[PDB]
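If you want the building blocks of each chain, they are given just below.
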2 protein chains.
Amino acid sequence: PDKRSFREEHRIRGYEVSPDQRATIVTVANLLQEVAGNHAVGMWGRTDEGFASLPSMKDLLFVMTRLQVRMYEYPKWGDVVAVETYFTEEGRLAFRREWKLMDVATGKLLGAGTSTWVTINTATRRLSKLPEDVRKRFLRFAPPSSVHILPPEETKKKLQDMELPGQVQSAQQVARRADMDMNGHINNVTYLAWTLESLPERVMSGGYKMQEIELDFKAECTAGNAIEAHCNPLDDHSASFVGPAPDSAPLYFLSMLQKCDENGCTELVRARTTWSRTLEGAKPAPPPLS
Amino acid sequence: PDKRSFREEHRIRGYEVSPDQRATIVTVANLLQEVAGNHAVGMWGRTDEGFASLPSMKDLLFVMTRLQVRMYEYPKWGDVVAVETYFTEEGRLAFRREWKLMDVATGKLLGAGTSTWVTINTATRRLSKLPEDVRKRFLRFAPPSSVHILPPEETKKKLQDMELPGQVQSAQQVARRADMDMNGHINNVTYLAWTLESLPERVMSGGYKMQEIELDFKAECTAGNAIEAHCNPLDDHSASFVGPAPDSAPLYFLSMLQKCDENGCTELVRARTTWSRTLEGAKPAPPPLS
């Protein structure tokens, strides 16, 4: 009744921060994926491949289709932060995993994440309903579906359509054999990292910090595919930051990652990012109310 | 007399390992640089820039010109490892920082590192002797120069000359604004990561693990420079692994990283790597003999 969530502590490292010594969103996402994977290790153990364990999932795979992270205050280099994660039922096909990024010293809430996970068949990449025998077992580790770290009305919003070519275009990135996790799949955080290279350079230079990100994970690349990143503004004030210029408002951008060959392009990830110059660190409430 | 070394514990994360679930040499090097930087924080504090603190070094910079890492057994995903670091006097211009990579569970020694650090003038990139007033203060935190984690006769060996173009050539990598540490300089581990993309794909595929690496750090890139990686075999048995094929011996390769423009190329890093299919984890001895 209190082991329905999983908590880990990490110290923000020197190579994990931007010049303002604040952890990058890549570093935050890395911590979210590490604690989530360690939650699975605590539940089903450390198997011969790493992913959950394939117990009654021998040909099934958990795939995150939506990730939403809202940041209230970025931790700094040297800070000991705590990442608390849990998952709940989401309909009859999906699961909702959420994260609490917390400062250990003050106990305050630095950021919140929520996500949508489905089960696809490994040998068909097609959706597959977990057997009700199996789903009842996962939910033994789940808190009630009434638990929300972010307002549900502010989650699961459809992303705008991507106008192509993007106004900003990061150079052809090349997939490497290093950018592969232990399962052979490319890392989710790697898609996030490539996606944010398409952003205008004047956004980070202007002192804007990423306040919220909404990612749709649509397709997967492998090996050494060519990868292109496009970015579009979403309102006029954000369009001001594209290229050089001739109580501040927030910026909105829509970025997209795709793999390209001599046949056609295939969209990998789409992301809507919210940018602001100021935020505010908040205060939590414990999940043992269960 | 026991605070002359600095020890930190870390858990190898899921995204830090190769498909065989062993930590990559990039992950090891990342841990070496994090503990070394935290040693400086423990000595001179966390300053407004991060690098040491510029106390009587207001226009001075510590630059590592040689890094040598020997691996006895790579830790695996989930392992809690300990990194112990210290530095000693190295002549009258350089300092020798060394690392002990240890498994916390067994106490055994997983790997050893040693390095050479000089002081260059920030505003001239030219070498500059630290004042003897200042050097005497650093060495208060140093063990005697007789301390060696690796045999001195096996360190500080001149690397072979690089025949160009290399037999293997990784694609033009592009420097990004993300690949910059908090000081604006590109990260040492980033040079290491780029350098190992030039390796033949059949080396990692053949089950070979990096046994030792010797890096010379020669120049620095910035911003969005074009970066090229070349690799050459050093003996005939290693030359067998270049491209496809028509109690095992170790492989030897010489890799080089350079930045290129429309004027000329400038060498950044040169690395000699030793590759073997088997290693052996060893046993340490404490530094408090001081």
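Method of structure determination, per the deposited record: X-ray crystallography was used for this entry, reaching 2.50 Å resolution.

K.L.:
So what exactly am I meant to see when it comes to the relation of the copies chain A and chain B here?
P.N.:
Put simply, the two copies of the chain differ by a rotation about an axis and a shift along that axis. Rotating chain A by 180° and translating it 0.0 Å along the rotation axis places it on chain B, where the RMSD comes to 0.0 Å. Look at the turn and shift together and you get a two-fold axis relating the two. Taking the C-alpha atom as reference, chain A places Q173 of chain A closest to the rotation axis, 4.0 Å from it. Both copies share a contact surface, since 100% of the interface residues of chain A are interface residues in chain B too.

K.L.:
What should I look at first to understand the sheet that holds strand β6 (residues 168-174) of chain B in this one?
P.N.:
Neighbouring strands of a sheet are bound in pairs by backbone hydrogen bonds; such pairs are parallel or else antiparallel. Residues and elements named next belong to chain B. The strand order across the open sheet built from ten strands is β1-β3-β4-β5-β2-β7-β10-β9-β8-β6, with neighbouring strands paired in antiparallel fashion. Two strands in the sheet have a free side with no partner beyond their single neighbour: β1 (6-11) and β6. Each strand axis lies, on average, 20° off the axis of its neighbour in the sheet, ignoring direction. Note: strand β2 (residues 60-71) against strand β5 (residues 109-121), eleven bridges, orientation antiparallel. Among the inter-strand pairings, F62 is bridged to a residue of β5, identified as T119. Helix-sheet contacts for helix α1 (residues 25-44) involve β1, β2, β3 (80-90), β4 (94-103) and β7 (209-217), and the interaxial angle to β3 is about 60°.

K.L.:
Looking at this structure, I do not really get the packing of aromatic side chains. What am I missing?
P.N.:
Two descriptors summarise a pair of aromatic rings, namely the distance from one centre to the other and the angle between the planes of the rings. All names here are of chain B. Following the criterion strictly, the structure yields 20 aromatic pairs over all chains and no others. A ring pair is formed by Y191 and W194, whose centres lie 6.1 Å apart and whose planes are at 75°; its orientation type is edge-to-face. Note that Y191 and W194 are positioned in helix α3 (residues 188-195) at a spacing of three residues, about one turn of the helix. Judged by its relative accessible area of 6%, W194 falls in the buried class.

K.L.:
Any chance you could explain the interface of chain A and chain B here in plain terms?
P.N.:
With 35 residues of chain A at the contact, the number on the chain B side is 35 residues. Both faces considered, chain A and chain B share a buried interface measuring about 3,100 Å² in area, 47% of it formed by carbon and sulfur atoms. Per-residue buried area on chain A facing chain B is highest for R13, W77 and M182 of chain A; these three make up 25% of the total on that side. Where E201 of chain A meets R177 of chain B, a salt bridge forms, and the shortest distance between an N and an O atom there is 2.8 Å. In terms of residues, the side of chain A that touches chain B owes the most to one element, helix α1 (residues 25-44) of chain A, which gives six residues.

K.L.:
In this structure, what is going on with the UniProt feature "domain: Acyl-ACP thioesterase-like C-terminal" (unreviewed entry) in chain A? I would like to understand it.
P.N.:
Here, UniProt's "domain: Acyl-ACP thioesterase-like C-terminal" (unreviewed entry) annotation points to residues 172-233 of chain A. In this annotation, residues 172-233 of chain A is assigned 21% helix and 32% strand; the end-to-end C-alpha distance for the span is 21 Å.

K.L.:
Can you walk me through the side chain of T116 of chain B in this structure?
P.N.:
On the secondary structure map, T116 of chain B appears in strand β5. Setting aside anything within four residues of it in sequence, one finds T116 of chain B in contact with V63, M64, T65, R66, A94, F95 and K156 of chain B.

K.L.:
I would appreciate a short explanation of the pattern of salt bridges in the present structure.
P.N.:
Side chains that differ in charge, positive against negative, can pair when their charged atoms come close. Residue and element names in this part refer to chain A. Under the definition given, this model contains 40 salt bridges over all chains. For the salt bridge of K129 with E132, the shortest nitrogen-to-oxygen distance reads 2.8 Å. A residue is classified by how much of its surface remains accessible, and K129, at 34% relative accessible area, is partly exposed. Members of the salt-bridge network, linked through shared partners, are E90, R96, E98 and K156.

How each quantity is defined
Residues numbered from 1 in each chain as written, not as in the entry; some residues may be left out. Chains lettered and ligands numbered in written order. Heavy atoms only, no water. Least-squares fit on C-alpha atoms. Contact = heavy atoms within 4.5 Å. Pairing = 2+ DSSP bridges. Helix = DSSP H or I, 4+ residues; strand = E, 2+ residues; numbered from the N terminus. Axes fitted to C-alpha atoms, helices over the stretch in contact; angles between N-to-C directions. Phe/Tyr/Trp six-rings, centres within 6.5 Å; stacked < 30°, edge-to-face > 60°. Buried < 20%, exposed > 50% of the residue type's maximum accessible area, 1.4 Å probe, protein only. Buried area = accessible area lost by both parts, 1.4 Å probe. Salt bridge = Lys/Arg side-chain N within 4 Å of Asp/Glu carboxyl O. UniProt positions renumbered as here; feature names shortened; annotations may be inferred.

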